[PDB]
Novice: 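Next up is a structure, given as structure tokens.
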Amino acid sequence: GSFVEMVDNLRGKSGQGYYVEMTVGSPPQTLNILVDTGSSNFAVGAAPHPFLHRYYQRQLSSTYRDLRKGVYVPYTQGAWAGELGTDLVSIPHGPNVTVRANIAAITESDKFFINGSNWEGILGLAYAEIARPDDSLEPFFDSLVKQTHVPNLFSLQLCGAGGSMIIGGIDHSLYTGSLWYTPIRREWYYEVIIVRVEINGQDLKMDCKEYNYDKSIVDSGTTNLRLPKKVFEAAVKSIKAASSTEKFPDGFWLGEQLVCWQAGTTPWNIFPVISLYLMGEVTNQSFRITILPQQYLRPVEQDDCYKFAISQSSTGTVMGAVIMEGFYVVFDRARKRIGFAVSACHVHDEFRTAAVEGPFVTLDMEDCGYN
Ligand SMILES: C[C@@H](NC(=O)c1cc(OCC(=O)NCCCCCN)cc(OS(=O)(=O)Cc2ccccc2)c1)c1ccc(F)cc1
């Protein structure tokens, strides 16, 4: 395909975050940057840190421009403090352009960087509304689109146990079947609306407003499929019931205890598939994405240990890596929609595969959103 050079430009397959190489400053300073659709700030470690192998050295960049303003960004897991500036930025295995972007030099941090993760910064791909200090600090992708010809669209193929980030388009070799789109409800986080949830085909039977209580987002920076407390509780009960041929401790379901199997003997078959129906592009029409235990049971560095990766949240549903690793996801910003298609690299077995199917009839989907 025409976008071949961007294929396989991500790393972090069996790791702690998917990252892409980004070259900043002049002379060139390339760093590993976490791909995060759950935030909107581009920031890079700029001082030595125990978990960082390399960092941004502003004094060595002749093109660096100090903005003379501090910036602080808290996340679900950790936070960092830094200094704002702008510099030249290019993505070697991404678009063939170079833009001057806002860059936050991370000088201090608390539980942000992850030991052994190999990434030294973060690329917040969400919208300006949630950028810090405020929405006036233009995010990287916004700069890319405004300064260049690059189409306002990117797509992610996260390959778990690194993947491809196609910028400006789509590569058809990354998925099979059809692409199904759900509207981006509002441009801040990549917010979507979930209208129905099934465990092995069985409806969880909860008011859809509960599935999006507060909000539902697609976030490549979050490991798990996080669900509102009420939904999490009902989901776990149903999953346990469907996998009753085997019993596991309560801690396993809370992500506190790991369960290991002899190398290559994990009974994937005893666990149910999980389906999330998303609002479609046509009135009263929806489609569903289905993941396998290979997606929600994550390996932990002759024993194969796994952690149940569906957890609870008090800030809404978060469709993280657990969801994204089963699909090729198209962030069509230009048409305010997110597309899903079965990923050509998703992990499965000879009996089941992840799926994206439709259409389905779902009424009153507009009422599912939180106001
Ligand atoms: C990068 C990594 N992300 C995480 O481990 C990560 C990020 C989160 O919130 C967003 C956030 O903090 N974004 C800010 C950027 C990340 C900062 C991390 N301190 C929440 C989160 O919590 S969780 O519900 O998934 C349970 C959990 C906790 C710790 C480790 C694994 C799983 C885990 C990640 C690992 C694997 C992936 F496939 C994708 C992402």
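By convention here, the first residue in the shown sequence is residue 1. The basis for the numbers below is simple: all heavy atoms, side chains too, and nothing from hydrogens, waters or symmetry mates. Just so you know, ligand 1 is whichever comes first in the structure, and atom 1 is the first atom listed for that ligand.
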Novice: Testing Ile217, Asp219, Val329, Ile338 one by one against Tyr190 for a side-chain contact (heavy atoms from CB on, under 4.5 Å), which residue passes?
Specialist: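 Single side-chain contact (heavy atoms from CB on, under 4.5 Å) partner of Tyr190 among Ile217, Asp219, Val329, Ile338: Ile338.
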Novice: One thing to verify: whether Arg196 and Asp203 come together as a salt bridge, which I'm taking to mean a side-chain N less than 4.0 angstrom from a carboxylate O.
Specialist: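 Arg196 and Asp203: salt-bridged.
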Novice: Specify whether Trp268 and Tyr306 have parallel, tilted or perpendicular ring planes, treating 30° as the upper limit for parallel and 60° as the lower limit for perpendicular.
Specialist: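 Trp268 and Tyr306: perpendicular rings.
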Novice: Given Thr223, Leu158, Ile122, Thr76, identify the one with the heavy atom nearest to atom 31 (C) of ligand 1.
Specialist: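 Residue with the shortest heavy-atom distance to the ligand atom: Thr223.
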Novice: Is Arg337 close enough and on-axis enough to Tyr181, meaning under 6.0 Å and within 45°, for cation-pi?
Specialist: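 Output yes; distance and angle both within limits.
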Novice: Can you give me the closest heavy-atom contact between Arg352 and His348, atom names plus distance?
Specialist: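 Here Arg352 and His348 meet closest at O-CB, 3.3 Å.
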Novice: Please compare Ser220, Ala79, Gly12 and report which has the shortest non-hydrogen distance to atom 39 (C) of ligand 1.
Specialist: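 Closest candidate by heavy-atom distance is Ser220.
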Novice: Suppose I only count heavy atoms of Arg226 and a 4.0 Å limit; which atoms of ligand 1 are within that range?
Specialist: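 That gives atoms 24 (O) of ligand 1.
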Novice: Starting from atom 26 (C) of ligand 1, what is the nearest protein heavy atom, named by residue and atom, and what distance separates them?
Specialist: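 Sorting protein heavy atoms by distance from atom 26 (C) of ligand 1 puts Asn224 ND2, 3.3 Å first.
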Novice: Looking only at non-hydrogen atoms, which of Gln77, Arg298, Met324 approaches atom 28 (C) of ligand 1 most closely?
Specialist: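 It is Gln77 that holds the nearest heavy atom.
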Novice: Below 4.0 angstrom, N of the basic side chain to O of the carboxylate: do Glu21 and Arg11 qualify?
Specialist: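 No.
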Novice: Give the numbers and elements of all ligand 1 atoms closer than 4.0 Å to a heavy atom of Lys111.
Specialist: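 Result: 19 (N).
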Novice: Do me a favour and list the nearest non-hydrogen protein atom to atom 1 (C) of ligand 1 with residue, atom name and distance?
Specialist: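 Checked against all protein heavy atoms, atom 1 (C) of ligand 1 sits closest to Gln16 O, 3.6 Å.
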Novice: Can you list the ligand 1 atoms lying under 4.0 Å from a non-hydrogen atom of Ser311?
Specialist: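 By the 4.0 Å cutoff, the relevant atoms are 24 (O).
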Novice: Backbone, side chain, both or neither: what part of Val318 comes under 4.0 angstrom of ligand 1, heavy atoms only?
Specialist: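 For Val318, no heavy atom sits under 4.0 Å from ligand 1.
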Novice: Please state which option from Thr222, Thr315, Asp36, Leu34 has its nearest heavy atom closest to atom 10 (C) of ligand 1.
Specialist: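 Nearest option to atom 10 (C) of ligand 1, by heavy atoms: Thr222.
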Novice: Any salt bridge linking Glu83 with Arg58? Criterion: basic side-chain nitrogen under 4.0 Å from a carboxylate oxygen.
Specialist: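 Salt bridge flag = yes for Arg58 with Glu83.
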Novice: May I ask you to identify the nearest protein heavy atom to atom 18 (C) of ligand 1, giving residue, atom name and distance to one decimal place in Å?
Specialist: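 Here the nearest protein heavy atom works out to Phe112 O, 3.5 Å.
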Novice: Look up atom CZ in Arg226 and atom OG in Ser216, then write down how far apart they are to the nearest 0.5 Å.
Specialist: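 Separation between the atoms: 12.0 Å.
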Novice: Can you sort out which atoms of ligand 1 are near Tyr75, meaning under 4.0 Å from one of its heavy atoms?
Specialist: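 So the atoms of ligand 1 that pass are 11 (C), 12 (O), 13 (N), 14 (C).
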Novice: Yes or no, since that's all I need: does a protein heavy atom fall within a distance strictly under 4.0 Å of atom 20 (C) of ligand 1?
Specialist: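 Neighbour list for atom 20 (C) of ligand 1 includes protein heavy atoms (cut-off 4.0 Å).
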Novice: Evaluating non-hydrogen atoms only, which member of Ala321, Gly221, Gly163 is closest to atom 13 (N) of ligand 1?
Specialist: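 Minimum heavy-atom distance to atom 13 (N) of ligand 1 goes to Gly221.
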Novice: Tell me whether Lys209 is salt-bridged to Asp214, with the criterion being a basic N under 4.0 Å from an acidic carboxylate O.
Specialist: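 Judged by the 4.0 Å cut-off on N to carboxylate O distance, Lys209 and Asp214 do not form a salt bridge.
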Novice: Of the backbone atoms (N, CA, C, O) and the side-chain heavy atoms from C-beta on, which set of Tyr18 has a member under 4.0 Å from an atom of ligand 1: side chain, backbone, both, or neither?
Specialist: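 Looking at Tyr18 and ligand 1, just side chain atoms fall under 4.0 Å.
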Novice: Of the protein's non-hydrogen atoms, which lies at the shortest distance from atom 27 (C) of ligand 1, and what is that distance?
Specialist: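 Atom 27 (C) of ligand 1 sits closest to the protein heavy atom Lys307 NZ, 3.8 Å.
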Novice: Are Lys215 and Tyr370 in a cation-pi contact, defined as NZ or CZ under 6.0 Å from the six-membered ring centre and within 45° of the axis?
Specialist: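 No, a cation-pi geometry is absent between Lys215 and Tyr370.
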